[PDB]
Amino acid sequence: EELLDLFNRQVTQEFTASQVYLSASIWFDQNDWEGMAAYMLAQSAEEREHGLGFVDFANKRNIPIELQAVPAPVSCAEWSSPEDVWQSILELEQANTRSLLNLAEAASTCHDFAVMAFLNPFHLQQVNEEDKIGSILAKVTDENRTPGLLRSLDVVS
Amino acid sequence: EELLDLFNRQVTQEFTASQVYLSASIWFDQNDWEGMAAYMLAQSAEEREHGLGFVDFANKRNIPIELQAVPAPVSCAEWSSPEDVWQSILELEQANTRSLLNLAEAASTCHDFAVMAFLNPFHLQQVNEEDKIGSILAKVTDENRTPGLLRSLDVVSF
Amino acid sequence: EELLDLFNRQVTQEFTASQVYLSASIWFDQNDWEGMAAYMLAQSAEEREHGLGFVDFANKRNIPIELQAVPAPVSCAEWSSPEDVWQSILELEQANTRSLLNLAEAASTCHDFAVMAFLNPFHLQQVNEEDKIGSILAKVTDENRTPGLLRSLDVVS
Amino acid sequence: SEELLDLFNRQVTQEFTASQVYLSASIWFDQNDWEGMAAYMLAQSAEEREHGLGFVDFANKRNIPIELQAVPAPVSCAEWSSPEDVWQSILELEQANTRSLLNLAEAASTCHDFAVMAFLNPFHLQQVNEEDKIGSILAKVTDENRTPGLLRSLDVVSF
Amino acid sequence: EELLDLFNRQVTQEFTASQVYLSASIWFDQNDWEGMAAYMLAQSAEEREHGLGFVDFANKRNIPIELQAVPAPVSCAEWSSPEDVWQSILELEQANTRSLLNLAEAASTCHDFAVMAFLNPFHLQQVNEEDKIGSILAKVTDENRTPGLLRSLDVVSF
Ligand SMILES: [Fe+3]
Ligand SMILES: [Fe+3]
Ligand SMILES: [Fe+3]
Ligand SMILES: [Fe+3]
Ligand SMILES: [Fe+3]
Ligand SMILES: [Fe+3]
Ligand SMILES: [Fe+3]
Ligand SMILES: [Fe+3]
Ligand SMILES: [Fe+3]
């Protein structure tokens with residue numbers, strides 16, 4: 001099934017996202033943006049929890065899960081400012097949203113009511129997440145127009 | 001209307017299931033499996049509560065309900081061991097699930113978004129119920145391989 | 001620097017172990033061993049925490065970290081009983097122990113006192129972990145000599 | 001009362017000897033992953049040492065000279081190959097512990113040593129309880145070990 | 001013997017560091033950076049506590065201590081901005097780190113396991129201290145690129 005394979009790929013996408021966020025925390029910590037680093041660490045953990053929630057449902061529903069490699073994050077080689085990092089995180093959340101939507105489309109096709117119900121809170125959370133990351137990126141982009149200004153607002157926490 | 005008939009039938013199915021669970025409690029109690037009996041009795045009440053939830057929604061949404069007979073459970077006559085009981089209960093939940101999924105299909109066909117929304121927690125509850133029942137059944141089947149060992153699932157656990 | 005390369009590989013090893021524990025949880029859950037599944041799930045989280053610890057230390061000490069792929073867990077495909085799973089986990093912990101000891105050796109050669117100090121609690125944790133896993137494996141191997149009896153370990157402990 | 005003073009001194013040795021045999025049993029059980037039985041033996045080891053300390057305290061107070069002897073190496077641990085073997089040795093140890101205290105009380109009685117006899121009473125009653133408890137466990141172990149793996153239940157649950 | 005010398009020098013280095021931090025507080029206070037001043041004063045007290053810890057250990061281990069002069073701080077004659085102060089304090093911690101590592105190599109050579117164990121928490125504290133000072137210096141150097149902005153760090157953090 002399309003639905004089985006896609007359900008597995010969703011697990012992989014959550015854990016990939018978790019590792020991309022961790023990469024982002026490392027870039028931030030290495031460049032002394034400790035606040036932004038903490039934010040990314042927290043998000044890394046929450047994406048892994050999403051992945052675990054998908055594994056749990058799959059196990060219950062007898063959807064076979066085979067854990068795939070979690071690829072090495074690559075965007076961290078090109079980041080040179082906070083803006084770059086937040087833009088890559090926005091793109092990551094857009095891609096997490098598209099993958100949930102593909103999954104839901106396959107479930108809709110299959111008349112898989114339980115899967116569609118399972119996905120609903122993640123659809124709504126993805127709305128919130130893309131909105132939050134978008135908002136931060138807009139703030140970052142504005143503040144960084146003045147030297148030092150952005151730093152003064154990582155310091156928060 | 002098909003949606004309406006299937007909504008009525010769903011009430012029947014929940015009450016049917018409640019009675020099959022009661023039947024299972026009886027067989028266990030009669031055979032001194034008081035733990036498994038308690039589990040079945042609790043599930044009997046819960047099934048009945050599901051029925052009642054369907055009745056309440058129906059009443060709100062002006063879906064006419066006419067209570068049907070609650071058929072007599074038939075599988076107890078055959079049961080010989082706890083394995084046979086838990087297997088019949090798994091089959092009952094699998095049928096509870098197919099019934100909900102058919103009602104959801106009818107609702108989808110009719111664009112009845114309210115009914116589809118109302119069913120969603122039931123869809124997810126059935127996933128959990130089939131998993132839990134399947135798990136117990138696997139334990140029962142394994143433990144019963146050694147004489148008397150299953151009598152420790154009951155007394156210890158449950 | 002061997003030291004810096006080994007410190008990076010230790011992060012990958014912690015995350016690899018996290019994913020192998022998750023694969024153990026899955027096999028247990030799929031096979032209705034919910035007790036053992038939960039044990040594996042918890043140990044998965046803890047191994048990730050260890051990896052996070054090494055990342056944080058590295059950031060503070062200016063050891064550059066580049067996240068590597070976390071390879072797909074392999075042992076899963078061939079597990080057939082709980083004994084097989086627990087045996088693979090013991091072998092993982094034994095490997096986890098050797099990796100830390102090799103890192104410590106490289107640190108000792110370099111006179112890297114800070115890294116040696118950082119590693120001390122992990123050395124002692126591994127002793128505890130290998131002991132605990134070996135002890136569960138011995139119980140599983142003994143109990144599984146009687147059909148169904150091991151299904152008792154799970155339900156109780 | 002040279003006999004008495006002697007046997008009292010040696011009773012300290014006997015308690016500490018028993019403490020070490022319990023410790024040995026704890027080690028055998030830990031090394032073989034019976035952590036439940038191991039903990040029980042470790043606790044009994046501490047308690048036998050306390051009994052010895054009680055004998056020493058009483059002797060100091062009653063001007064009975066104490067000279068601490070070597071505590072012999074435990075040797076039953078070489079032969080042990082199952083829990084049954086361990087618990088049988090521990091039963092034998094307690095039965096020996098009881099005989100040693102009765103011989104001490106016999107010597108006190110002969111000497112009209114009312115204080116020592118009073119001091120020993122709670123110990124005579126404790127040994128009754130200890131031999132019963134150990135005998136009961138050994139009976140359980142012996143029965144459960146008739147089915148492979150089943151004794152691992154005793155450990156994991158109880159203890 | 002060299003361990004004994006290096007262990008006395010370590011006490012000296014901690015007290016010398018204490019005084020340098022005190023100098024940094026004075027410079028900040030005089031220049032109305034009261035937040036940075038209080039941070040430096042806190043670090044001054046803490047470096048003195050570390051020296052006292054070394055003294056206590058030495059007394060216990062019969063390592064004879066003879067207290068050396070605390071030299072007059074001199075970096076404070078040349079500081080013109082907060083960045084210059086923080087840079088000096090980074091160099092200070094880097095030298096405190098070096099002195100601990102020298103001492104640990106000497107204990108290692110002598111197989112002095114007690115000394116090496118005593119040092120372990122200090123090795124890890126120095127990693128944290130250099131990281132923290134490094135991070136503050138990065139923030140100061142960035143924020144000082146806009147006139148007046150660094151006054152924001154002083155009031156907000158610290
Ligand atoms: Fe996600
Ligand atoms: Fe996301
Ligand atoms: Fe139901
Ligand atoms: Fe680990
Ligand atoms: Fe581990
Ligand atoms: Fe005793
Ligand atoms: Fe005794
Ligand atoms: Fe210091
Ligand atoms: Fe310092």
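In what follows, every chain begins at residue 1, and chains take the letters A, B, ... in the order their sequences are listed. Numbering of ligands and ligand atoms starts at 1, following listing order.
- Distance check for B/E46 against the Fe ion (ligand 3): none of its N/O/S atoms falls below 2.8 Å.
- Note on B/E14: its N/O/S atom closest to the Fe ion (ligand 3) is OE1.
- Backbone or side-chain N, O or S atoms of B/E93 do not reach the Fe ion (ligand 3) at under 2.8 Å.
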Begin with the C-alpha distance, continue with both residues' side-chain angles, and end with the deciding distance and a verdict on side-chain hydrogen bond (donor to acceptor under 3.5 Å, both in side chains) for B/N128 and B/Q125. CA-CA 5 Å; B/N128 292 340; B/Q125 174 175 67; over 6 Å; no
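- At a threshold of 4.0 Å, the pair D/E35-C/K139 counts as salt-bridged, since one of the basic side-chain nitrogens sits closer than that to a carboxylate oxygen.
- Nearest N/O/S atom of B/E47 with respect to the Fe ion (ligand 3) is recorded as OE1.
- Checked against C/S99 for a side-chain hydrogen bond (donor to acceptor under 3.5 Å, both in side chains), the options C/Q10, C/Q126, C/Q94, C/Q13 give a single hit: C/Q10.
- Salt bridge annotation for C/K132-C/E129: absent, with no cationic side-chain nitrogen under 4.0 angstrom from a carboxylate oxygen.
- Not a single N, O or S atom of A/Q43, from either the backbone or the side chain, sits less than 2.8 Å from the Fe ion (ligand 2).
- Residue C/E129: no N/O/S atom is found under 2.8 Å from the Fe ion (ligand 5).
- At a cut-off of 3.5 Å, with distance as the only test, a side-chain donor of A/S44 or C/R48 sits close to an acceptor on the other residue.
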